[PDB]
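Structure first, then comments.
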Amino acid sequence: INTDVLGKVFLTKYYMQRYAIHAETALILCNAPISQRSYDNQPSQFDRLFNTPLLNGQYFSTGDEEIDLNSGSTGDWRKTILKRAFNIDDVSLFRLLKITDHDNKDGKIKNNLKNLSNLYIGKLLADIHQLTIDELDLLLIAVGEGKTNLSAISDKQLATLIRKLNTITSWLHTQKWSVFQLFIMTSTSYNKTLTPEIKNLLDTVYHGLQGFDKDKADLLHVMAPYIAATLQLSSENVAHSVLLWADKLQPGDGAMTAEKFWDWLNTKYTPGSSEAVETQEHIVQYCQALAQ
Amino acid sequence: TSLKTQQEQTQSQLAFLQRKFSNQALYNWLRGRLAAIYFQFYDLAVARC
Amino acid sequence: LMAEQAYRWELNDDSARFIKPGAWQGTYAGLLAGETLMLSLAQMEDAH
Amino acid sequence: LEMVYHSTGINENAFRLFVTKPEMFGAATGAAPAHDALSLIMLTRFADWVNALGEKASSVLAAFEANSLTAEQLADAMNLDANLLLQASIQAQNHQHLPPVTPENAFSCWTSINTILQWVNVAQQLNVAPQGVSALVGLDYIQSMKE
Amino acid sequence: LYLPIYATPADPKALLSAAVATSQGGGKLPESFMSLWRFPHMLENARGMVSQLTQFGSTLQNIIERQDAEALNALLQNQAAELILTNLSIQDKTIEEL
Amino acid sequence: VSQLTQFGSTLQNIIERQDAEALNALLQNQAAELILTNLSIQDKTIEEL
């Protein structure tokens, strides 16, 4: 007993109170490996998690063999053991693997205890917050901490990640918001596909802004009313503020702004016809950003 | 069964609200286009005055 | 456009065109079309 | 044909697409679309899928009318895993469907999309990956066609 | 001796509707024709013609609004007529309860 | 100027219709969301029986 062990007994008492989970589960949440030792006349955590009930008379244990987590690989009985223990399918198993480690170029992973512990940590992160693997990934991306890997992380960083996830989940529950809605509002990648709504926006802006003079008035102020009309806004100045924000953000793979958008519409846009334009995908991304 | 039917009737009426011509989107476009015309016509009117 | 020809004759400004296409939009049943044309005529008279 | 359009509940532009290009809806190539009940049920299913897509439907239909739609975009639309749809499409391509599913029609034609979605529905009913359904359908033990 | 566990059905799924937009190509200006009248007269002419068009556009908007208010009005009565049948079945079966 | 006043009256009519239709659309979303809890209550009344 020392500073280190006494530091996380408080953490496990917190997790067992907050999440009402068992002691061993809270220890897993405390970045602790699954315990092979069985005491108190009870089967061990590893045995309870994987070995029971025995699958086709095969006993699962840590080994030097390599197990594939690729969903389409149709792995051996060990992959089935992992799926049964985690109560997830192959695709979500691969998604959990990608969530846990960003250094795993291929789906194959080592069958040692550390990788299993990392996978269990990732699974329990979603279990405690009443989310499955998909919302866990989308949440971690929406947070911005999804870039960091759970496999190589500090204990204090893991605790901070737990607190951030709990706070955001509580906020979403208070706001009656789905995780997908938050991901959409916080998304940066934009679909580059023309839509009738986007086409109507382009037609209205091109017709309204035709004959515009740069020195006579600000381009953004002139363009705001048509954007408000097309994008279903109550007020014009809301569209003006959104356009200012978009110009500061420079949306899309080709950084788009009001001047560039107006020039593209003036030169390379022909309303009323379906044609392929190299910059058209960037235009679509900018329109999607405005709507977002 | 009656309450489940009412859920469908509320969805059908909501769908009719969004799908009709003279939905929200037509009036938003009408407001924006007319407001732009109104201000442009205002400058000409005051210049004539 | 018939008035456009008259203006481009009474004034030598053959380049100046004021009536613009797209005043009719079939998406919105062509509503406000005449108010766009009326604004175009008001601009044409102001310049004239 | 008005009673058809109104009863089906399909959107106006997808009805236009169905009238103009029955092949996109997987009707027999070079023939006028059928108001047969067999076509009516698939039209209703298409309308239901469009309604399920929600707000994404506007982009999904536009990408479908072009040869543009992909597994990832449709997965984002249905809030499903992209790998799940990709592997369901792979499994559908591997197995002999009629009509056959090939990468250049798997998301271009509505029939291939329906087959992929059926694979996804059966997998999620069984709570297994599409590889699970692929393993299941291999258990043709009461036949002489194959081992 | 074993008391079986009982499953509680989950909350109903929230029905979702899809709302798509329509797009139509813009028009093109016809061929301009040289007139005979001077500009002030051809302008008073055209301005009159245009104001008549605006008047057809306002009548058309009023028609648009009335058509769809009446389609909703007709829809509500079909929903009410269909909702009544289940209430009749409930009341009849309440009689059997008594 | 009288033409401008006429655009102003059309614009006011548009303003009024836009926001009456935004309220009309809002009420159906509230009704759709209110129905779900009633369905849960009715189902759980069945479990009571």
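Please note that chains go A, B, ... in the order of the structure tokens, that every chain numbers its residues from 1, and that ligands are numbered from 1 in the order shown.
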Margin query: What's around residue 9 in chain B at 10 Å? Count only C-alpha atoms, leave out sequence neighbours fewer than 2 positions away in its own chain, and write the answer as a ChimeraX atom specification.
Written below: /B:3-7,11-15 /E:75-76,78-80,82-83 /F:32
Using C-alpha atoms, can you export the residues from the last selection as an mmCIF file, in the first residue's frame?
data_model
loop_
_atom_site.group_PDB
_atom_site.id
_atom_site.type_symbol
_atom_site.label_atom_id
_atom_site.label_comp_id
_atom_site.auth_asym_id
_atom_site.auth_seq_id
_atom_site.Cartn_x
_atom_site.Cartn_y
_atom_site.Cartn_z
ATOM 1 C CA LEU B 3 -53.398 5.796 -30.005
ATOM 2 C CA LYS B 4 -50.982 4.169 -32.450
ATOM 3 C CA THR B 5 -53.339 5.202 -35.243
ATOM 4 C CA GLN B 6 -53.292 8.767 -33.913
ATOM 5 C CA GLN B 7 -49.492 8.721 -34.183
ATOM 6 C CA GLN B 11 -47.316 11.946 -39.061
ATOM 7 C CA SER B 12 -49.520 12.053 -42.174
ATOM 8 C CA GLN B 13 -50.652 15.598 -41.362
ATOM 9 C CA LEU B 14 -47.063 16.673 -40.607
ATOM 10 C CA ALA B 15 -45.944 15.153 -43.906
ATOM 11 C CA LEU E 75 -57.781 15.370 -44.768
ATOM 12 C CA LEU E 76 -58.831 16.077 -41.168
ATOM 13 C CA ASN E 78 -60.986 11.465 -43.222
ATOM 14 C CA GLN E 79 -58.780 11.081 -40.147
ATOM 15 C CA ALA E 80 -61.751 11.789 -37.842
ATOM 16 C CA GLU E 82 -61.295 6.632 -39.414
ATOM 17 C CA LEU E 83 -60.586 7.382 -35.733
ATOM 18 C CA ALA F 32 -45.755 14.199 -32.733
#
Checklist line | Interface residues on chain E facing chain B, 8 Å, only C-alpha atoms, written as a ChimeraX atom specification | finding: /E:15-20,64-65,68,72,75,79,83,86-87
Write a file of the selected residues as a PDB file, in the first residue's frame, keeping N, CA, C and O atoms.
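So out.pdb came out as:
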ATOM      1  N   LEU E  15     -41.782   7.934 -35.404  1.00  0.00           N
ATOM      2  CA  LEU E  15     -41.951   7.920 -36.850  1.00  0.00           C
ATOM      3  C   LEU E  15     -41.290   9.140 -37.482  1.00  0.00           C
ATOM      4  O   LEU E  15     -41.380  10.256 -36.962  1.00  0.00           O
ATOM      5  N   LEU E  16     -40.620   8.923 -38.611  1.00  0.00           N
ATOM      6  CA  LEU E  16     -39.906   9.986 -39.300  1.00  0.00           C
ATOM      7  C   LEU E  16     -40.410  10.110 -40.731  1.00  0.00           C
ATOM      8  O   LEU E  16     -40.671   9.105 -41.398  1.00  0.00           O
ATOM      9  N   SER E  17     -40.543  11.349 -41.193  1.00  0.00           N
ATOM     10  CA  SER E  17     -41.017  11.660 -42.534  1.00  0.00           C
ATOM     11  C   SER E  17     -39.901  12.318 -43.334  1.00  0.00           C
ATOM     12  O   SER E  17     -39.074  13.049 -42.782  1.00  0.00           O
ATOM     13  N   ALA E  18     -39.876  12.060 -44.637  1.00  0.00           N
ATOM     14  CA  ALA E  18     -38.843  12.610 -45.503  1.00  0.00           C
ATOM     15  C   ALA E  18     -39.442  13.752 -46.308  1.00  0.00           C
ATOM     16  O   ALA E  18     -40.504  13.597 -46.921  1.00  0.00           O
ATOM     17  N   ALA E  19     -38.761  14.893 -46.308  1.00  0.00           N
ATOM     18  CA  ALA E  19     -39.194  16.075 -47.044  1.00  0.00           C
ATOM     19  C   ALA E  19     -38.107  16.463 -48.035  1.00  0.00           C
ATOM     20  O   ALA E  19     -37.053  16.970 -47.639  1.00  0.00           O
ATOM     21  N   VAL E  20     -38.355  16.225 -49.317  1.00  0.00           N
ATOM     22  CA  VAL E  20     -37.388  16.551 -50.350  1.00  0.00           C
ATOM     23  C   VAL E  20     -37.878  17.786 -51.090  1.00  0.00           C
ATOM     24  O   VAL E  20     -39.057  18.155 -51.037  1.00  0.00           O
ATOM     25  N   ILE E  64     -53.226  29.190 -54.549  1.00  0.00           N
ATOM     26  CA  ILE E  64     -52.313  28.218 -53.944  1.00  0.00           C
ATOM     27  C   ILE E  64     -52.660  28.006 -52.476  1.00  0.00           C
ATOM     28  O   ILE E  64     -52.783  26.870 -52.001  1.00  0.00           O
ATOM     29  N   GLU E  65     -52.814  29.105 -51.735  1.00  0.00           N
ATOM     30  CA  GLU E  65     -53.111  29.009 -50.307  1.00  0.00           C
ATOM     31  C   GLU E  65     -54.451  28.323 -50.039  1.00  0.00           C
ATOM     32  O   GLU E  65     -54.547  27.452 -49.160  1.00  0.00           O
ATOM     33  N   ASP E  68     -54.537  24.330 -50.668  1.00  0.00           N
ATOM     34  CA  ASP E  68     -53.903  23.461 -49.688  1.00  0.00           C
ATOM     35  C   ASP E  68     -54.513  23.592 -48.301  1.00  0.00           C
ATOM     36  O   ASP E  68     -54.548  22.598 -47.557  1.00  0.00           O
ATOM     37  N   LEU E  72     -55.979  20.176 -46.564  1.00  0.00           N
ATOM     38  CA  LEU E  72     -55.883  19.840 -45.142  1.00  0.00           C
ATOM     39  C   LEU E  72     -57.259  19.684 -44.499  1.00  0.00           C
ATOM     40  O   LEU E  72     -57.474  18.776 -43.683  1.00  0.00           O
ATOM     41  N   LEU E  75     -58.532  16.454 -45.404  1.00  0.00           N
ATOM     42  CA  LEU E  75     -57.781  15.370 -44.768  1.00  0.00           C
ATOM     43  C   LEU E  75     -58.246  15.124 -43.332  1.00  0.00           C
ATOM     44  O   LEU E  75     -58.377  13.969 -42.897  1.00  0.00           O
ATOM     45  N   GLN E  79     -59.387  11.571 -41.388  1.00  0.00           N
ATOM     46  CA  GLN E  79     -58.780  11.081 -40.147  1.00  0.00           C
ATOM     47  C   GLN E  79     -59.805  10.923 -39.026  1.00  0.00           C
ATOM     48  O   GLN E  79     -59.778   9.925 -38.299  1.00  0.00           O
ATOM     49  N   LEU E  83     -60.798   7.477 -37.173  1.00  0.00           N
ATOM     50  CA  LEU E  83     -60.586   7.382 -35.733  1.00  0.00           C
ATOM     51  C   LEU E  83     -61.853   6.965 -34.989  1.00  0.00           C
ATOM     52  O   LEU E  83     -61.768   6.341 -33.925  1.00  0.00           O
ATOM     53  N   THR E  86     -62.634   2.866 -34.096  1.00  0.00           N
ATOM     54  CA  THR E  86     -62.045   2.217 -32.933  1.00  0.00           C
ATOM     55  C   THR E  86     -62.774   2.616 -31.661  1.00  0.00           C
ATOM     56  O   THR E  86     -62.914   1.796 -30.743  1.00  0.00           O
ATOM     57  N   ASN E  87     -63.248   3.861 -31.584  1.00  0.00           N
ATOM     58  CA  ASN E  87     -63.988   4.272 -30.399  1.00  0.00           C
ATOM     59  C   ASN E  87     -65.292   3.492 -30.296  1.00  0.00           C
ATOM     60  O   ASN E  87     -65.721   3.122 -29.196  1.00  0.00           O
TER      61      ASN E  87
END
Next item on the list: May I ask for the distance between CA of residue 78 in chain D and CA of residue 194 in chain A, given in Å to one decimal place?
Entry: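 Rounded to one decimal, the two atoms are 18.9 Å apart.
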Item checked: Backbone-only DSSP, helix (DSSP H, G or I) members of range 19-51 of chain E, as an MDAnalysis selection string -> chainID E and resid 39:51
Notebook entry, point to check: Neighbours of residue 23 in chain F within 12 Å (only C-alpha atoms; same-chain residues fewer than 6 positions away dropped), as a PyMOL selection string?
Noted result: (chain B and resi 17+23-24) or (chain F and resi 16-17+29-30)
Can you write out the residues you just picked, keeping C-alpha atoms, as a PDB file, in the first residue's frame?
ATOM      1  CA  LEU B  17     -47.490  20.225 -44.055  1.00  0.00           C
ATOM      2  CA  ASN B  23     -45.002  25.156 -47.188  1.00  0.00           C
ATOM      3  CA  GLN B  24     -42.533  27.113 -45.052  1.00  0.00           C
TER       4      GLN B  24
ATOM      5  CA  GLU F  16     -47.667  37.288 -41.753  1.00  0.00           C
ATOM      6  CA  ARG F  17     -48.061  34.071 -43.772  1.00  0.00           C
ATOM      7  CA  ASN F  29     -43.779  18.625 -34.198  1.00  0.00           C
ATOM      8  CA  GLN F  30     -44.990  19.211 -30.643  1.00  0.00           C
TER       9      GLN F  30
END
Within 12 Å of chain C, which residues of chain E are there when counting only C-alpha atoms? Please give them as a tab-separated table (two decimals) with N, CA, C and O atoms, in the first residue's frame.
chain	number	residue	atom	x	y	z
E	21	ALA	N	-36.95	18.43	-51.79
E	21	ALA	CA	-37.24	19.63	-52.57
E	21	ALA	C	-37.18	19.31	-54.05
E	21	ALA	O	-36.59	18.32	-54.48
E	22	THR	N	-37.81	20.17	-54.84
E	22	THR	CA	-37.83	20.05	-56.29
E	22	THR	C	-37.10	21.23	-56.90
E	22	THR	O	-37.11	22.34	-56.37
E	23	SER	N	-36.46	20.97	-58.04
E	23	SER	CA	-35.67	21.96	-58.76
E	23	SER	C	-36.14	22.01	-60.20
E	23	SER	O	-36.40	20.97	-60.81
E	24	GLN	N	-36.24	23.22	-60.74
E	24	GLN	CA	-36.65	23.42	-62.12
E	24	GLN	C	-35.69	24.38	-62.79
E	24	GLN	O	-35.21	25.34	-62.17
E	25	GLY	N	-35.41	24.12	-64.06
E	25	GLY	CA	-34.49	24.96	-64.80
E	25	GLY	C	-35.05	26.34	-65.05
E	25	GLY	O	-36.25	26.54	-65.24
E	26	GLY	N	-34.15	27.33	-65.06
E	26	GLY	CA	-34.56	28.68	-65.32
E	26	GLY	C	-34.85	28.92	-66.79
E	26	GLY	O	-34.37	28.22	-67.68
E	27	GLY	N	-35.66	29.95	-67.03
E	27	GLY	CA	-36.03	30.30	-68.38
E	27	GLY	C	-34.94	31.07	-69.10
E	27	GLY	O	-33.88	31.38	-68.55
E	28	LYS	N	-35.22	31.37	-70.36
E	28	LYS	CA	-34.31	32.12	-71.21
E	28	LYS	C	-35.10	33.24	-71.86
E	28	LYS	O	-36.28	33.10	-72.16
E	29	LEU	N	-34.43	34.37	-72.07
E	29	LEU	CA	-35.12	35.51	-72.64
E	29	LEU	C	-35.41	35.25	-74.11
E	29	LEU	O	-34.56	34.73	-74.83
E	30	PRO	N	-36.60	35.61	-74.59
E	30	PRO	CA	-36.91	35.43	-76.01
E	30	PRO	C	-36.16	36.45	-76.86
E	30	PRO	O	-35.35	37.22	-76.33
E	31	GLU	N	-36.42	36.47	-78.15
E	31	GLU	CA	-35.73	37.41	-79.02
E	31	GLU	C	-36.40	38.77	-78.92
E	31	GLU	O	-37.62	38.90	-79.07
E	32	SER	N	-35.59	39.79	-78.67
E	32	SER	CA	-36.10	41.15	-78.56
E	32	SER	C	-36.55	41.64	-79.93
E	32	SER	O	-35.95	41.30	-80.96
E	33	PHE	N	-37.59	42.45	-79.94
E	33	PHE	CA	-38.16	42.95	-81.18
E	33	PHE	C	-38.15	44.47	-81.19
E	33	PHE	O	-38.51	45.11	-80.19
E	34	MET	N	-37.74	45.04	-82.32
E	34	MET	CA	-37.72	46.48	-82.47
E	34	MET	C	-39.14	47.02	-82.55
E	34	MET	O	-39.95	46.55	-83.35
E	35	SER	N	-39.44	48.00	-81.72
E	35	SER	CA	-40.78	48.53	-81.63
E	35	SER	C	-40.92	49.73	-82.56
E	35	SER	O	-40.02	50.08	-83.32
E	36	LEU	N	-42.09	50.35	-82.49
E	36	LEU	CA	-42.40	51.55	-83.25
E	36	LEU	C	-42.55	52.77	-82.35
E	36	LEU	O	-42.20	53.87	-82.76
E	37	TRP	N	-43.06	52.58	-81.15
E	37	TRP	CA	-43.28	53.66	-80.21
E	37	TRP	C	-41.96	54.12	-79.61
E	37	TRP	O	-40.98	53.37	-79.55
E	38	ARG	N	-41.95	55.36	-79.15
E	38	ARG	CA	-40.83	55.92	-78.41
E	38	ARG	C	-40.80	55.35	-76.99
E	38	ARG	O	-41.77	54.73	-76.53
E	39	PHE	N	-39.67	55.54	-76.30
E	39	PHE	CA	-39.47	54.86	-75.02
E	39	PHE	C	-40.52	55.18	-73.96
E	39	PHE	O	-40.97	54.24	-73.29
E	40	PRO	N	-40.91	56.43	-73.72
E	40	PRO	CA	-41.95	56.67	-72.69
E	40	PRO	C	-43.27	55.95	-72.94
E	40	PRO	O	-43.88	55.46	-71.99
E	41	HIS	N	-43.66	55.78	-74.20
E	41	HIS	CA	-44.92	55.11	-74.51
E	41	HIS	C	-44.82	53.60	-74.39
E	41	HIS	O	-45.69	52.96	-73.79
E	42	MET	N	-43.78	53.01	-74.97
E	42	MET	CA	-43.53	51.58	-74.81
E	42	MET	C	-43.25	51.20	-73.36
E	42	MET	O	-43.59	50.09	-72.94
E	43	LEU	N	-42.73	52.13	-72.56
E	43	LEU	CA	-42.62	51.90	-71.12
E	43	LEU	C	-43.95	51.98	-70.39
E	43	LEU	O	-44.22	51.14	-69.53
E	44	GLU	N	-44.80	52.96	-70.69
E	44	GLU	CA	-46.13	52.95	-70.07
E	44	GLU	C	-46.94	51.72	-70.47
E	44	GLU	O	-47.59	51.09	-69.62
E	45	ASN	N	-46.75	51.25	-71.71
E	45	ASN	CA	-47.35	50.01	-72.19
E	45	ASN	C	-46.86	48.81	-71.39
E	45	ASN	O	-47.65	48.06	-70.80
E	46	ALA	N	-45.54	48.59	-71.41
E	46	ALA	CA	-44.99	47.43	-70.73
E	46	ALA	C	-45.28	47.46	-69.24
E	46	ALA	O	-45.61	46.43	-68.65
E	47	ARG	N	-45.06	48.60	-68.58
E	47	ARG	CA	-45.40	48.73	-67.16
E	47	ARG	C	-46.85	48.33	-66.87
E	47	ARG	O	-47.12	47.65	-65.88
E	48	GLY	N	-47.79	48.71	-67.74
E	48	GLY	CA	-49.17	48.24	-67.58
E	48	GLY	C	-49.31	46.73	-67.69
E	48	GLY	O	-49.96	46.08	-66.87
E	49	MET	N	-48.67	46.17	-68.72
E	49	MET	CA	-48.65	44.72	-68.93
E	49	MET	C	-48.07	43.97	-67.73
E	49	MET	O	-48.63	42.97	-67.25
E	50	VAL	N	-46.95	44.47	-67.21
E	50	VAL	CA	-46.31	43.88	-66.04
E	50	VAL	C	-47.21	43.98	-64.81
E	50	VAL	O	-47.28	43.03	-64.01
E	51	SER	N	-47.83	45.13	-64.57
E	51	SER	CA	-48.70	45.23	-63.40
E	51	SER	C	-49.88	44.27	-63.50
E	51	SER	O	-50.30	43.67	-62.49
E	52	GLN	N	-50.37	44.02	-64.72
E	52	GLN	CA	-51.35	42.96	-64.90
E	52	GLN	C	-50.77	41.59	-64.55
E	52	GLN	O	-51.47	40.74	-63.96
E	53	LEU	N	-49.51	41.35	-64.90
E	53	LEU	CA	-48.92	40.07	-64.52
E	53	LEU	C	-48.82	39.94	-63.01
E	53	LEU	O	-49.06	38.86	-62.46
E	54	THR	N	-48.41	41.01	-62.32
E	54	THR	CA	-48.34	40.95	-60.86
E	54	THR	C	-49.70	40.64	-60.26
E	54	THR	O	-49.80	39.96	-59.23
E	55	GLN	N	-50.77	41.10	-60.93
E	55	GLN	CA	-52.12	40.87	-60.42
E	55	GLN	C	-52.55	39.42	-60.61
E	55	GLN	O	-53.15	38.81	-59.70
E	56	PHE	N	-52.19	38.83	-61.75
E	56	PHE	CA	-52.32	37.38	-61.91
E	56	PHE	C	-51.48	36.59	-60.91
E	56	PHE	O	-51.92	35.54	-60.43
E	57	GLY	N	-50.29	37.08	-60.57
E	57	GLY	CA	-49.49	36.41	-59.55
E	57	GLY	C	-50.06	36.46	-58.15
E	57	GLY	O	-49.97	35.48	-57.40
E	58	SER	N	-50.74	37.55	-57.80
E	58	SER	CA	-51.39	37.62	-56.50
E	58	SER	C	-52.65	36.76	-56.43
E	58	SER	O	-52.85	36.02	-55.45
E	59	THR	N	-53.48	36.79	-57.47
E	59	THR	CA	-54.55	35.80	-57.58
E	59	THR	C	-54.03	34.36	-57.52
E	59	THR	O	-54.62	33.51	-56.83
E	60	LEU	N	-52.93	34.07	-58.20
E	60	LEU	CA	-52.39	32.71	-58.19
E	60	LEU	C	-51.92	32.30	-56.80
E	60	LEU	O	-52.15	31.16	-56.38
E	61	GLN	N	-51.26	33.21	-56.07
E	61	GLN	CA	-50.86	32.89	-54.70
E	61	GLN	C	-52.06	32.63	-53.81
E	61	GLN	O	-52.05	31.71	-52.98
E	62	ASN	N	-53.13	33.42	-53.97
E	62	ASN	CA	-54.33	33.20	-53.17
E	62	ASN	C	-54.93	31.83	-53.47
E	62	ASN	O	-55.37	31.11	-52.55
E	63	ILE	N	-54.93	31.43	-54.75
E	63	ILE	CA	-55.42	30.11	-55.12
E	63	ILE	C	-54.55	29.03	-54.48
E	63	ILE	O	-55.06	28.03	-53.97
E	64	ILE	N	-53.23	29.19	-54.55
E	64	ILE	CA	-52.31	28.22	-53.94
E	64	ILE	C	-52.66	28.01	-52.48
E	64	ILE	O	-52.78	26.87	-52.00
Note to self: What are the residues of chain F lining chain C at 12 Å or less? Count only C-alpha atoms, and put the answer as a ChimeraX atom specification.
What the structure shows: /F:1,3-4,6-8,10-11,14
Item checked: Spatial neighbours of residue 292 in chain A, max dist 12 Å, only C-alpha atoms, sep filter under 2 positions, as a count of residues only -> 25
Note to self: Would you mind listing, as a list in words, all residues of chain A that have at least one atom within 6 Å of chain B, where only C-alpha atoms are what counts?
What the structure shows: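 Applying the cut-off to the listed atoms yields residues 225, 226, 229, 230 and 232 of chain A.
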Margin query: Excluding residue 43 in chain D and its own-chain neighbours fewer than 6 positions away, which residues fall within 9 Å of it when counting only C-alpha atoms? Please give them as an NGL selection string.
Written below: :D and (8-10 or 15 or 18 or 25)
Could you please take those selected residues and save C-alpha atoms as an mmCIF file, in the first residue's frame?
data_model
loop_
_atom_site.group_PDB
_atom_site.id
_atom_site.type_symbol
_atom_site.label_atom_id
_atom_site.label_comp_id
_atom_site.auth_asym_id
_atom_site.auth_seq_id
_atom_site.Cartn_x
_atom_site.Cartn_y
_atom_site.Cartn_z
ATOM 1 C CA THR D 8 -47.508 4.522 -52.956
ATOM 2 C CA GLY D 9 -46.466 7.662 -51.085
ATOM 3 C CA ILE D 10 -43.251 8.016 -53.095
ATOM 4 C CA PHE D 15 -41.705 8.901 -59.158
ATOM 5 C CA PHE D 18 -39.224 5.572 -61.853
ATOM 6 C CA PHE D 25 -35.652 0.615 -60.122
#
Item checked: CA of residue 76 in chain A to CA of residue 38 in chain A, straight-line distance in Å -> 26.8 Å
Pull out every residue of chain A that has at least one atom within 8 Å of chain E, counting only C-alpha atoms, and report them as a PDB file with N, CA, C and O atoms, in the first residue's frame.
ATOM      1  N   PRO A 196     -31.250  19.234 -54.767  1.00  0.00           N
ATOM      2  CA  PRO A 196     -32.194  20.253 -55.255  1.00  0.00           C
ATOM      3  C   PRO A 196     -32.237  21.490 -54.377  1.00  0.00           C
ATOM      4  O   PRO A 196     -32.392  22.600 -54.899  1.00  0.00           O
ATOM      5  N   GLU A 197     -32.118  21.336 -53.057  1.00  0.00           N
ATOM      6  CA  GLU A 197     -32.082  22.504 -52.183  1.00  0.00           C
ATOM      7  C   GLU A 197     -30.852  23.363 -52.461  1.00  0.00           C
ATOM      8  O   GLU A 197     -30.948  24.593 -52.564  1.00  0.00           O
ATOM      9  N   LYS A 199     -29.132  23.382 -55.262  1.00  0.00           N
ATOM     10  CA  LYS A 199     -29.301  23.924 -56.607  1.00  0.00           C
ATOM     11  C   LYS A 199     -30.207  25.150 -56.592  1.00  0.00           C
ATOM     12  O   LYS A 199     -29.933  26.143 -57.276  1.00  0.00           O
ATOM     13  N   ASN A 200     -31.300  25.092 -55.828  1.00  0.00           N
ATOM     14  CA  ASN A 200     -32.188  26.243 -55.695  1.00  0.00           C
ATOM     15  C   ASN A 200     -31.464  27.411 -55.041  1.00  0.00           C
ATOM     16  O   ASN A 200     -31.653  28.569 -55.433  1.00  0.00           O
ATOM     17  N   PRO A 271     -27.252  28.236 -64.511  1.00  0.00           N
ATOM     18  CA  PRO A 271     -28.467  27.786 -63.825  1.00  0.00           C
ATOM     19  C   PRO A 271     -29.411  27.047 -64.758  1.00  0.00           C
ATOM     20  O   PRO A 271     -29.474  27.310 -65.962  1.00  0.00           O
ATOM     21  N   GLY A 272     -30.155  26.108 -64.178  1.00  0.00           N
ATOM     22  CA  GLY A 272     -31.128  25.342 -64.921  1.00  0.00           C
ATOM     23  C   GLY A 272     -30.600  24.158 -65.698  1.00  0.00           C
ATOM     24  O   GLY A 272     -31.384  23.504 -66.396  1.00  0.00           O
ATOM     25  N   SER A 273     -29.310  23.855 -65.607  1.00  0.00           N
ATOM     26  CA  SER A 273     -28.735  22.733 -66.332  1.00  0.00           C
ATOM     27  C   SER A 273     -27.861  21.916 -65.394  1.00  0.00           C
ATOM     28  O   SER A 273     -27.231  22.451 -64.478  1.00  0.00           O
TER      29      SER A 273
END
Next item on the list: Identify all chain D residues at most 10 Å from chain A by counting only C-alpha atoms; ligands do not count. Present them as an MDAnalysis selection string.
Entry: chainID D and resid 57:63 66 68:69 73 76 79:88 90:91 123:124 127:132 135
Next item on the list: Check every residue of chain D for an atom within 7 Å of chain E, counting only C-alpha atoms, and provide those that qualify as a list in words.
Entry: residues 50, 51, 52, 53, 54, 55, 57 and 58 of chain D
Store the residues of this selection in a file with N, CA and C atoms, as a short mmCIF file (atom, residue, chain, number, x, y, z; two decimals), in the first residue's frame.
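Just written: out.cif:
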data_model
loop_
_atom_site.label_atom_id
_atom_site.label_comp_id
_atom_site.auth_asym_id
_atom_site.auth_seq_id
_atom_site.Cartn_x
_atom_site.Cartn_y
_atom_site.Cartn_z
N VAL D 50 -37.00 5.78 -48.29
CA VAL D 50 -36.74 7.21 -48.42
C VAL D 50 -37.22 7.96 -47.19
N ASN D 51 -38.40 7.61 -46.68
CA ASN D 51 -38.89 8.24 -45.45
C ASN D 51 -37.99 7.93 -44.26
N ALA D 52 -37.48 6.70 -44.18
CA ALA D 52 -36.56 6.35 -43.11
C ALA D 52 -35.27 7.14 -43.18
N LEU D 53 -34.80 7.46 -44.39
CA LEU D 53 -33.57 8.25 -44.51
C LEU D 53 -33.69 9.64 -43.90
N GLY D 54 -34.91 10.14 -43.70
CA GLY D 54 -35.12 11.43 -43.06
C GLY D 54 -34.54 12.57 -43.86
N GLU D 55 -33.87 13.49 -43.14
CA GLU D 55 -33.31 14.68 -43.77
C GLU D 55 -32.24 14.34 -44.80
N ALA D 57 -32.38 12.06 -46.92
CA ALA D 57 -33.01 11.57 -48.14
C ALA D 57 -32.76 12.51 -49.32
N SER D 58 -32.77 13.82 -49.08
CA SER D 58 -32.55 14.79 -50.15
C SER D 58 -31.21 14.57 -50.86
#
Notebook entry, point to check: Quick one: residues within 12 Å of residue 48 in chain F, only C-alpha atoms counted, chain neighbours fewer than 6 positions away excluded, as number ranges by chain?
Noted result: E: 8; F: 41-42
